[PDB]
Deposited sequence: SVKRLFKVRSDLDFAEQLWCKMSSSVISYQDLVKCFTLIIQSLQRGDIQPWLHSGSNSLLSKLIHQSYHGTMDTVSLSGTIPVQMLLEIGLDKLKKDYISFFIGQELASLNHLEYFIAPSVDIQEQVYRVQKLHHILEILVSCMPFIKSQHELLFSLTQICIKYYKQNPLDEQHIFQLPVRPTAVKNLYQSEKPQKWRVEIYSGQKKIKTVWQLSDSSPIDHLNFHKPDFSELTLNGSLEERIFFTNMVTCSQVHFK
């Protein structure tokens, strides 16, 4: 049972509430109107986790130590405002998962966390963090209690997603010791079994393989076993 981040601040609790109820733009205007007035009236003193660049946090600091800006909740500002609050809170969820499980350091995550990039790029990077968690969750049943396997996987995923878009077909390779994975294969019937015969000239080979489905995607076939062979010829110039 992983530890849920429950130490939520005013902005984060706001996000949780509004994220389960808001159904229109006017919802956002009215919700933010009440909070801003509650602040200008000085009726509340909310706490924030340090280090947030959201408009709301700004407007809160200005309420505590001084007095606030005339915001004007027009155009897309009320959307923006909730989006910011959501980003902070979600980034902090991910940080606490990865740091807390010792899968990565704050330093490692910096790219995904970045404040400087535009709001759609920040959102996009949260989706990369999520996609990393999905990968981890997918493998957990198999690399159960192998913290270094979990760790490396997280590292190679981070490395990949700083440089690459989310939509690319990609195969991650995670080196694993056969002992750490014994039970998953030793009594199991393999989906493919391949013997390759060569000699010094490692390019020159004969290959036999058995598969329980077609190893050739373009092969049009119009319990079945699939067998295939690879043979070669040397040609000298």
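Visitor: How would you write out the unmodelled ranges of the deposited sequence, numbered from 1?
Guide: Missing CA coords at 1 to 4, 227 to 241, 257.
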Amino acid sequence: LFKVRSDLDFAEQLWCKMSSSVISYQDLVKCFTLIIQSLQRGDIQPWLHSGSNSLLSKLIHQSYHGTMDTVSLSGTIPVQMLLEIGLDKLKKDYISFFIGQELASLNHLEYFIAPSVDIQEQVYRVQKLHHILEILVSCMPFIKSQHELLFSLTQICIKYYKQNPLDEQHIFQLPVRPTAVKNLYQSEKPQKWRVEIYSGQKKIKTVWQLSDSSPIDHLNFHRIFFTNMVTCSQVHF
From here on, numbers count along this sequence of modelled residues.
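Visitor: With reference to the PDB entry, specify whether the mean Cα temperature factor is higher for 97 to 105 or for 160 to 168.
Guide: Stretch with the greater average CA B-factor: 160 to 168.
Visitor: Which has higher Cα B-factors on average according to the PDB entry: 72 to 80 or 134 to 142?
Guide: Looking at the recorded C-alpha B-factors, 72 to 80 comes out higher on average.
Visitor: Taking the values straight from the PDB record, which of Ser211, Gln26, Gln173, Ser63 has the highest C-alpha temperature factor?
Guide: Among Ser211, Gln26, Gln173, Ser63, the PDB entry lists the largest C-alpha B-factor for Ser63.
Visitor: Just say lowest, middle or highest third for the CA B-factor of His218 relative to the other modelled residues in its chain.
Guide: Within its chain, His218 is a middle-third residue by C-alpha B-factor, going by the deposited values.
Visitor: Lowest, middle or highest third: where is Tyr185 by C-alpha B factor in its chain?
Guide: Answer is middle: the recorded C-alpha B-factor places it there.
Visitor: Consider only the C-alpha atoms of the modelled residues in this chain, order them by B-factor as the entry records it, and name the third containing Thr67: lowest, middle or highest.
Guide: Within its chain, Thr67 is a highest-third residue by C-alpha B-factor, going by the deposited values.
Visitor: If you rank every modelled residue in this chain by C-alpha B factor, which third holds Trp193: lowest, middle or highest?
Guide: For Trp193, whose C-alpha B-factor we compare with every modelled residue in the chain, the answer is the lowest third.
Visitor: Select lowest, middle or highest to describe the third in which the CA B-factor of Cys16 falls within its chain in this entry.
Guide: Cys16: CA B-factor falls in the lowest third of its chain.
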